[PDB]
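Written out below as structure tokens is the structure these notes cover.
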Amino acid sequence: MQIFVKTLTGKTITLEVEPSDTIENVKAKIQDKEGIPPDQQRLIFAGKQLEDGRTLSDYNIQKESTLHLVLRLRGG
């Protein structure tokens, strides 16, 4: 199943998921693709932050939804 993540600076990242992947699964995939720790990452869609224990289903993600990966400096 296709999702995309776009950055805060620029560029897009290409992702194969499953509807049942947890939001931690996206960030660990992404942590392979470009070495960004899940502790740096916030994800946003539709004016909400995506908390790490929920699925692509819970947050109503349809196929090919481009997503906005945002960043900490360090914390919170």
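Since every read-out is calculated from the coordinates, none of them should be taken as a lab result. With ideal geometry, Cβ positions are generated from the backbone for all residues, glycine too; neighbour counts draw on all protein chains shown.
Before moving on, here are some points about what is shown:
- 3J(HN,Hα) couplings calculated from phi for region 48-63 with the Karplus curve 6.51 cos²θ - 1.76 cosθ + 1.60 (θ = phi - 60°) are, in sequence order, 10, 7, 8, 7, 5, x, 10, 8, 3, 3, 5, 8, 6, 9, 6, 2 Hz; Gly and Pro show x.
- DSSP-defined antiparallel bridges as percent of all bridges, the chain, nearest 5: 80
- Here the 3J(HN,Hα) profile of region 7-12, calculated from phi with Karplus coefficients 6.51, -1.76 and 1.60 at θ = phi - 60°, is 8, 7, 7, x, 2, 10 Hz, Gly and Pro shown as x.
- Cα long-axis angle, helix 23-34 against the chain (0 to 90 degrees, to the nearest 10): 60
- Evaluated at q = 0.23 Å⁻¹, the base-10 log of the normalised Debye intensity for the chain, with identical point scatterers placed on the Cα atoms, takes the values -1.14.
- Calculated FRET efficiency, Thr9 to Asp39, Cβ-Cβ distance, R0 = 25 Å: about 0.85 to the nearest 0.05.
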